[PDB]
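Have a look at run.pdb below; it lists PDB, C-alpha atoms and all ligand atoms.
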MODEL        1
ATOM      1  CA  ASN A   5     120.201 125.143  80.581  1.00  0.00           C
ATOM      2  CA  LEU A   6     119.885 122.385  77.986  1.00  0.00           C
ATOM      3  CA  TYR A   7     120.657 119.649  80.508  1.00  0.00           C
ATOM      4  CA  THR A   8     121.017 119.009  84.186  1.00  0.00           C
ATOM      5  CA  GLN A   9     122.594 116.296  86.243  1.00  0.00           C
ATOM      6  CA  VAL A  10     120.358 114.427  88.665  1.00  0.00           C
ATOM      7  CA  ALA A  11     122.750 111.808  90.100  1.00  0.00           C
ATOM      8  CA  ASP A  12     125.989 109.999  89.380  1.00  0.00           C
ATOM      9  CA  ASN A  13     125.878 108.983  85.711  1.00  0.00           C
ATOM     10  CA  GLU A  14     122.348 110.313  85.205  1.00  0.00           C
ATOM     11  CA  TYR A  15     121.074 113.485  83.560  1.00  0.00           C
ATOM     12  CA  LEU A  16     117.924 115.098  82.183  1.00  0.00           C
ATOM     13  CA  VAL A  17     118.359 116.530  78.695  1.00  0.00           C
ATOM     14  CA  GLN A  18     115.984 118.912  76.940  1.00  0.00           C
ATOM     15  CA  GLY A  19     114.685 117.562  73.617  1.00  0.00           C
ATOM     16  CA  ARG A  20     115.845 120.739  71.879  1.00  0.00           C
ATOM     17  CA  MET A  21     119.508 120.058  72.700  1.00  0.00           C
ATOM     18  CA  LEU A  22     121.430 119.466  69.502  1.00  0.00           C
ATOM     19  CA  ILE A  23     122.981 116.024  68.997  1.00  0.00           C
ATOM     20  CA  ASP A  24     126.284 117.793  68.301  1.00  0.00           C
ATOM     21  CA  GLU A  25     125.948 119.757  71.591  1.00  0.00           C
ATOM     22  CA  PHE A  26     125.183 116.540  73.478  1.00  0.00           C
ATOM     23  CA  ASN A  27     128.322 114.887  72.072  1.00  0.00           C
ATOM     24  CA  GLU A  28     130.475 117.880  73.018  1.00  0.00           C
ATOM     25  CA  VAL A  29     129.136 118.018  76.593  1.00  0.00           C
ATOM     26  CA  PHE A  30     129.112 114.276  77.268  1.00  0.00           C
ATOM     27  CA  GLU A  31     132.039 113.036  75.150  1.00  0.00           C
ATOM     28  CA  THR A  32     129.804 110.715  73.148  1.00  0.00           C
ATOM     29  CA  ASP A  33     129.619 109.579  69.529  1.00  0.00           C
ATOM     30  CA  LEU A  34     125.961 109.801  68.557  1.00  0.00           C
ATOM     31  CA  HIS A  35     125.260 110.455  64.885  1.00  0.00           C
ATOM     32  CA  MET A  36     122.093 110.486  62.794  1.00  0.00           C
ATOM     33  CA  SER A  37     121.596 112.018  59.334  1.00  0.00           C
ATOM     34  CA  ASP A  38     118.845 114.575  58.699  1.00  0.00           C
ATOM     35  CA  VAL A  39     118.051 114.859  62.428  1.00  0.00           C
ATOM     36  CA  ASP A  40     119.556 117.589  64.563  1.00  0.00           C
ATOM     37  CA  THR A  41     118.054 117.384  68.066  1.00  0.00           C
ATOM     38  CA  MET A  42     117.999 114.840  70.872  1.00  0.00           C
ATOM     39  CA  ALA A  43     114.198 114.708  70.698  1.00  0.00           C
ATOM     40  CA  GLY A  44     114.397 113.809  67.001  1.00  0.00           C
ATOM     41  CA  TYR A  45     117.176 111.323  67.744  1.00  0.00           C
ATOM     42  CA  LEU A  46     115.267 109.354  70.356  1.00  0.00           C
ATOM     43  CA  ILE A  47     111.917 109.438  68.556  1.00  0.00           C
ATOM     44  CA  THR A  48     113.585 108.162  65.366  1.00  0.00           C
ATOM     45  CA  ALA A  49     115.523 105.458  67.234  1.00  0.00           C
ATOM     46  CA  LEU A  50     112.415 104.234  69.107  1.00  0.00           C
ATOM     47  CA  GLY A  51     110.448 104.148  65.852  1.00  0.00           C
ATOM     48  CA  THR A  52     107.187 105.071  67.615  1.00  0.00           C
ATOM     49  CA  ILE A  53     106.028 108.172  69.519  1.00  0.00           C
ATOM     50  CA  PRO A  54     105.396 107.290  73.189  1.00  0.00           C
ATOM     51  CA  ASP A  55     102.001 108.060  74.879  1.00  0.00           C
ATOM     52  CA  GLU A  56     102.172 110.753  77.566  1.00  0.00           C
ATOM     53  CA  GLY A  57     103.331 108.925  80.687  1.00  0.00           C
ATOM     54  CA  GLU A  58     104.980 106.097  78.722  1.00  0.00           C
ATOM     55  CA  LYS A  59     108.750 105.938  79.181  1.00  0.00           C
ATOM     56  CA  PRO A  60     110.428 103.627  76.666  1.00  0.00           C
ATOM     57  CA  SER A  61     114.183 103.556  76.280  1.00  0.00           C
ATOM     58  CA  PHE A  62     116.823 103.124  73.595  1.00  0.00           C
ATOM     59  CA  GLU A  63     120.299 101.859  74.391  1.00  0.00           C
ATOM     60  CA  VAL A  64     123.354 102.704  72.293  1.00  0.00           C
ATOM     61  CA  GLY A  65     126.960 102.073  73.354  1.00  0.00           C
ATOM     62  CA  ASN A  66     127.166 102.712  77.100  1.00  0.00           C
ATOM     63  CA  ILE A  67     124.198 105.114  77.046  1.00  0.00           C
ATOM     64  CA  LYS A  68     120.537 104.529  77.809  1.00  0.00           C
ATOM     65  CA  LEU A  69     118.108 107.222  76.602  1.00  0.00           C
ATOM     66  CA  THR A  70     114.601 107.263  78.063  1.00  0.00           C
ATOM     67  CA  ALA A  71     111.632 109.349  76.980  1.00  0.00           C
ATOM     68  CA  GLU A  72     111.040 111.042  80.324  1.00  0.00           C
ATOM     69  CA  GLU A  73     108.426 113.672  79.473  1.00  0.00           C
ATOM     70  CA  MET A  74     106.094 114.011  76.504  1.00  0.00           C
ATOM     71  CA  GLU A  75     104.000 117.073  75.766  1.00  0.00           C
ATOM     72  CA  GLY A  76     101.500 115.658  73.318  1.00  0.00           C
ATOM     73  CA  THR A  77     103.669 114.126  70.628  1.00  0.00           C
ATOM     74  CA  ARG A  78     106.648 116.349  71.444  1.00  0.00           C
ATOM     75  CA  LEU A  79     109.490 114.727  73.360  1.00  0.00           C
ATOM     76  CA  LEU A  80     110.231 117.429  75.924  1.00  0.00           C
ATOM     77  CA  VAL A  81     112.800 115.798  78.203  1.00  0.00           C
ATOM     78  CA  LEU A  82     115.064 112.765  77.912  1.00  0.00           C
ATOM     79  CA  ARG A  83     116.633 110.893  80.776  1.00  0.00           C
ATOM     80  CA  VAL A  84     120.170 109.733  80.079  1.00  0.00           C
ATOM     81  CA  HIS A  85     122.099 107.105  81.989  1.00  0.00           C
ATOM     82  CA  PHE A  86     125.772 106.376  81.378  1.00  0.00           C
ATOM     83  CA  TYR A  87     127.245 102.926  82.004  1.00  0.00           C
ATOM     84  CA  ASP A  88     130.754 101.461  82.096  1.00  0.00           C
TER      85      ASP A  88
HETATM   86 ZN    ZN B 101     118.515 105.844  86.904  1.00  0.00          ZN
HETATM   87 ZN    ZN B 102     102.421 101.573  74.465  1.00  0.00          ZN
HETATM   88 ZN    ZN B 103      97.488 109.304  76.643  1.00  0.00          ZN
HETATM   89 ZN    ZN B 104      97.787 115.116  77.425  1.00  0.00          ZN
ENDMDL
END
Go ahead and render the structure in this file as structure tokens.
Ligand SMILES: [Zn+2]
Ligand SMILES: [Zn+2]
Ligand SMILES: [Zn+2]
Ligand SMILES: [Zn+2]
Amino acid sequence: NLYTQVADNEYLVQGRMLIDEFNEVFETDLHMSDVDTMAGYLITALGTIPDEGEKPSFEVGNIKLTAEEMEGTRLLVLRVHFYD
């Protein structure tokens, strides 16, 4: 699967998940031109590639996206929290 829940309002999302897929699953409104995946989305939004083990976040609307797992410079897994 491209994502899994871990707790109320909190999920792990594979970097390869399409932004459009994420919006369909989660009822969100993310958009970014010339970028198709959630890995590309978060990397672009952060503006810098995190070190392995470094877990910066980007907030947008009621969502917080965290770089949960890097494999070299590839963003493998995002953590997503939803707020009210
Ligand atoms: Zn949490
Ligand atoms: Zn740093
Ligand atoms: Zn390192
Ligand atoms: Zn390494």
Residues matched by the PyMOL selection byres (((chain A and resi 16) around 7) and not hetatm), written as a count of residues only:
11
Given 10 Å and all atoms listed in the file, residues near ligand ZN 103 (chain B) as a list in words
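These are the residues that qualify: residues 54, 55, 56, 57, 58, 74, 76 and 77 of chain A.
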Could you work out how far atom ZN of ligand ZN 102 (chain B) lies from atom CA of residue 38 of chain A, giving the answer in Å with one decimal?
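Answer for the atom CA of residue 38 of chain A to atom ZN of ligand ZN 102 (chain B) separation: 26.2 Å.
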Carefully work through the PyMOL selection byres (((chain A and resi 20-30) around 6) and not hetatm) for this structure and note down the residues it includes, as a PyMOL selection string.
chain A and resi 6+18-19+31-32+40-42
Considering all atoms listed in the file, return as a list in words whatever protein or nucleic-acid residues lie within 7 Å of residue 87 of chain A, sequence-local ones (same chain, fewer than 2 positions apart) excluded.
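Result of the neighbour search: residues 66, 67 and 85 of chain A.
Between ligand ZN 101 (chain B) and the candidates A:52, A:37, A:5, A:61, the tightest atom-to-atom separation, counting all atoms listed in the file, involves A:61.
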Quick check, in Å to one decimal: how far apart do atom CA of residue 35 of chain A and atom CA of residue 64 of chain A lie?
10.9 Å
Rounded to one decimal in Å, what is the spacing between atom CA of residue 78 of chain A and atom CA of residue 43 of chain A?
7.8 Å
Atoms kept (N, CA and C atoms) for segment 24-39 of chain A, as an mmCIF file, in the first residue's frame:
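What ended up in out-v3.cif:
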data_model
loop_
_atom_site.group_PDB
_atom_site.id
_atom_site.type_symbol
_atom_site.label_atom_id
_atom_site.label_comp_id
_atom_site.auth_asym_id
_atom_site.auth_seq_id
_atom_site.Cartn_x
_atom_site.Cartn_y
_atom_site.Cartn_z
ATOM 1 N N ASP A 24 -1.917 13.684 -6.573
ATOM 2 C CA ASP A 24 -3.333 13.532 -6.899
ATOM 3 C C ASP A 24 -3.990 12.366 -6.134
ATOM 4 N N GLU A 25 -3.253 11.274 -5.956
ATOM 5 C CA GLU A 25 -3.711 10.117 -5.170
ATOM 6 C C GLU A 25 -3.898 10.505 -3.698
ATOM 7 N N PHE A 26 -2.920 11.223 -3.157
ATOM 8 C CA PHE A 26 -2.997 11.709 -1.786
ATOM 9 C C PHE A 26 -4.263 12.556 -1.587
ATOM 10 N N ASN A 27 -4.523 13.494 -2.502
ATOM 11 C CA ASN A 27 -5.710 14.330 -2.368
ATOM 12 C C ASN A 27 -7.003 13.529 -2.424
ATOM 13 N N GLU A 28 -7.049 12.523 -3.288
ATOM 14 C CA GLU A 28 -8.234 11.671 -3.389
ATOM 15 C C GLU A 28 -8.466 10.889 -2.087
ATOM 16 N N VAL A 29 -7.410 10.284 -1.564
ATOM 17 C CA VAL A 29 -7.519 9.479 -0.343
ATOM 18 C C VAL A 29 -7.872 10.318 0.872
ATOM 19 N N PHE A 30 -7.207 11.458 1.016
ATOM 20 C CA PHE A 30 -7.290 12.260 2.238
ATOM 21 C C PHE A 30 -8.189 13.482 2.171
ATOM 22 N N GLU A 31 -8.811 13.724 1.013
ATOM 23 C CA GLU A 31 -9.712 14.871 0.857
ATOM 24 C C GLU A 31 -8.993 16.203 1.055
ATOM 25 N N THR A 32 -7.810 16.317 0.489
ATOM 26 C CA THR A 32 -6.990 17.504 0.639
ATOM 27 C C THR A 32 -6.864 18.229 -0.695
ATOM 28 N N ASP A 33 -6.184 19.370 -0.646
ATOM 29 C CA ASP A 33 -6.115 20.312 -1.763
ATOM 30 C C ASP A 33 -4.682 20.707 -2.093
ATOM 31 N N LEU A 34 -3.757 19.761 -1.979
ATOM 32 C CA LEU A 34 -2.380 20.048 -2.354
ATOM 33 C C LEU A 34 -2.231 20.177 -3.853
ATOM 34 N N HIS A 35 -1.435 21.143 -4.293
ATOM 35 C CA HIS A 35 -1.141 21.301 -5.715
ATOM 36 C C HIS A 35 0.259 21.843 -5.857
ATOM 37 N N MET A 36 0.978 21.369 -6.869
ATOM 38 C CA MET A 36 2.313 21.858 -7.186
ATOM 39 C C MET A 36 2.617 21.532 -8.649
ATOM 40 N N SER A 37 2.948 22.543 -9.451
ATOM 41 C CA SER A 37 3.241 22.297 -10.861
ATOM 42 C C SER A 37 4.573 21.590 -11.058
ATOM 43 N N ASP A 38 4.614 20.734 -12.082
ATOM 44 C CA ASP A 38 5.832 20.045 -12.511
ATOM 45 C C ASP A 38 6.404 19.061 -11.490
ATOM 46 N N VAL A 39 5.592 18.696 -10.499
ATOM 47 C CA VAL A 39 5.974 17.737 -9.467
ATOM 48 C C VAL A 39 4.779 16.826 -9.312
#
